[PDB]
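Shown next as structure tokens: one chain only, the form deposited in one PDB entry.
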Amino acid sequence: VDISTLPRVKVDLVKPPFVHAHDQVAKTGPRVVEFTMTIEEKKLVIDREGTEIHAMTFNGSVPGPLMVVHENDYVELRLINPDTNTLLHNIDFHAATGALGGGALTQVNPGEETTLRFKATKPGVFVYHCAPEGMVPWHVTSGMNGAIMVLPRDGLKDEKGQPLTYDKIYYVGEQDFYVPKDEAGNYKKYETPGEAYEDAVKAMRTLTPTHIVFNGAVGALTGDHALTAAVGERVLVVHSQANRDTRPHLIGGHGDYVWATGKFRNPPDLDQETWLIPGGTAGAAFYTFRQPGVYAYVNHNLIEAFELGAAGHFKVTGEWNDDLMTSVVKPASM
């Protein structure tokens, strides 16, 4: 019995965009890291207009929470589908090896639970998502996806092999929704999931999202829920998109070090303006803030950002650097 001799540590997850506490450099040997998530089907208002969908969530949020482990830890997930839900669900970890990432082993009807263990053999950020046979994109595009970060045991490294240490981390999950439209263009609503299914499929088959949002709704990462930092702070932004390409961009900043396809054995790309995270991937960008003020963090299809919802904000405190940027002559009459 190898695994029974290992330490167990129980993690208590937090709601995105926050991330549960962890240590970048592993302070122990390999562990069995225990997580519990409870599936919740719930109504969610996703825009300023009040559009309401039936979301399918891990742990009550879109995205599901970020799990964090180290390479060669074991992830042990207790997945609970309470009897107050209506549908069968499961979970596929892109971090895992075998059984469709776990999906073949985790099919839970309402009123059931299961516990899956897998060894996190590859370092990176990875998508996880529900994937019930025959209804995969419906569950994913109903919000039933999140991410897991598998840190190298010795933490992150730059392109030269020197340490990169973040002061803060955020998890931005980006969700494409396909709210069914009638022939005048208004959303339709449905009375049961079975009654909704064919028009969900029809809406998905357009390949044209109605909404593309961060943290589950238009504007979710703004106002009192803007992301925060201070000048000089090193920030890692993990970004996932389980179904569709995105192109993140920090307006007024950069990705100083970017793993666009999320896998830490590779050297990061330096000095990115914008990067492509393919659908079905998590990526990660590291930035050291150099200026205070408001930033926007967007998918840089600017229609997707500013019309469909894929935009959030940072509020950054600290001192303005006029060497880096200044208004020499403020806007005024010619």
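In this text, residue numbers run from 1 along the sequence as written. Rigid core here is just the name for the largest C-alpha set that superposes within 1.5 Å across the two forms.
The form deposited in another entry exists for this protein as well; it is not shown, and the discussion that follows is about that form.
Visitor: Let me spell it out: fit the two forms on their rigid core, measure each listed C-alpha, and pick the one of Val231, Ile80, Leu105, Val179 that moves 2 Å or more between the shown form and the other one. Which is it?
Guide: Result of the superposition: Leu105 is the only one at 2 Å or more.
Visitor: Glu195: CA shift of at least 2 Å between the shown form and the other one after core fit?
Guide: Indeed, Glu195 is displaced by 2 Å or more.
Visitor: Out of closer and farther, which fits the Cα atoms of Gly103 and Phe35 in the other entry compared with this form, where the change is 3 Å or more?
Guide: Relative to this form, farther apart in the other entry.
Visitor: Based on a C-alpha change of 3 angstroms or more, tell me if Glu191 and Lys43 lie closer or farther in the other entry than in the shown form.
Guide: Between the C-alphas of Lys43 and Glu191, the gap narrows in the other entry (3 Å or more compared with this form).
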